[PDB]
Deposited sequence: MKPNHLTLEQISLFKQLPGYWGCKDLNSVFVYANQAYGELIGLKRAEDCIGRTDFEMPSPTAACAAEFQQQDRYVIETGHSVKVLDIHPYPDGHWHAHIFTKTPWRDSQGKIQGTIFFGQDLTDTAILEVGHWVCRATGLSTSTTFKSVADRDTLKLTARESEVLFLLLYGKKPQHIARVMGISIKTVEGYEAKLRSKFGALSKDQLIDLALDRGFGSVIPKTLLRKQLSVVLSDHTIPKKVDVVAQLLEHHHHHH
């Protein structure tokens, strides 16, 4: 089939995420509309023939890291997953996970890079171990407000990753008794009786893949290590 039917082409324009491809020079060959608007372009085709340096977004300050990641995918043939935290022309900070894989020509030779970004909230981090543990006994599956202060959010964040009170008190510059007060305030807001129950309720309400706004402070583009 040298052609896609028109309904399949509608899938092309509707797939989720922020994605496209670049050639061996990391100059854009195609970007979808989602990525175009995220990077500040009403017409996603204006990305074509631009590099990451030439885009009207604060992400251009990280263009070198993107290209370094692209060169690694191109030379090694391995695919990678990148954590990205940046401010965007819409005025807010966003965290993404960008998958990067070799883009191959009609005969298998590498001709560039394919990127695919997902918003962090469409990904799973701590909910993975939360549910692997639940496979002992039997649970049930049925899907279904609350406001936290800046420090309440940071403490919850560190709790869900298993950081102990001695660790949390050191990294936040406060007393261990101060942390206990925040665990109590969090235990109250979630309607939890114990700390272990607080962890459970918070993971069920999505906090396992939430980075609190107060920690979207510095631009970052790191390749997360995998074992091939």
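Note: segments 1-2, 147-153, 238-256 of the deposited sequence have no C-alpha coordinates in the structure.
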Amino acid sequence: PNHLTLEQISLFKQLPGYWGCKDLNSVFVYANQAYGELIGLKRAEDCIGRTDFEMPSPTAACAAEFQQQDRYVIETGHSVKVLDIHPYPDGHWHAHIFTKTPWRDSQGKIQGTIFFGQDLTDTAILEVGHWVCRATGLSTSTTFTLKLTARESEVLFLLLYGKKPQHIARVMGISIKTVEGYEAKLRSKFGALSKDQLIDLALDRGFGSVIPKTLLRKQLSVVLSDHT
From here on, numbers count along this sequence of modelled residues.
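Mean CA B-factor, 103-111 versus 135-143: the higher value falls on 135-143. Stretches 147-155 and 119-127 differ in mean C-alpha B factor, with the higher average recorded for 147-155. Annotation for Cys21: CA B-factor lies in the lowest third of the chain's modelled residues. Compared with the other modelled residues of the chain, the Cα B-factor recorded for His92 ranks in the highest third. For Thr5, the recorded CA temperature factor ranks within the middle third of the chain's modelled residues. In the PDB entry, a CA B factor belonging to the lowest third of its chain's modelled residues is recorded for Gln14.
Sorting the modelled residues of the chain by their CA temperature factor places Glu183 in the middle third.
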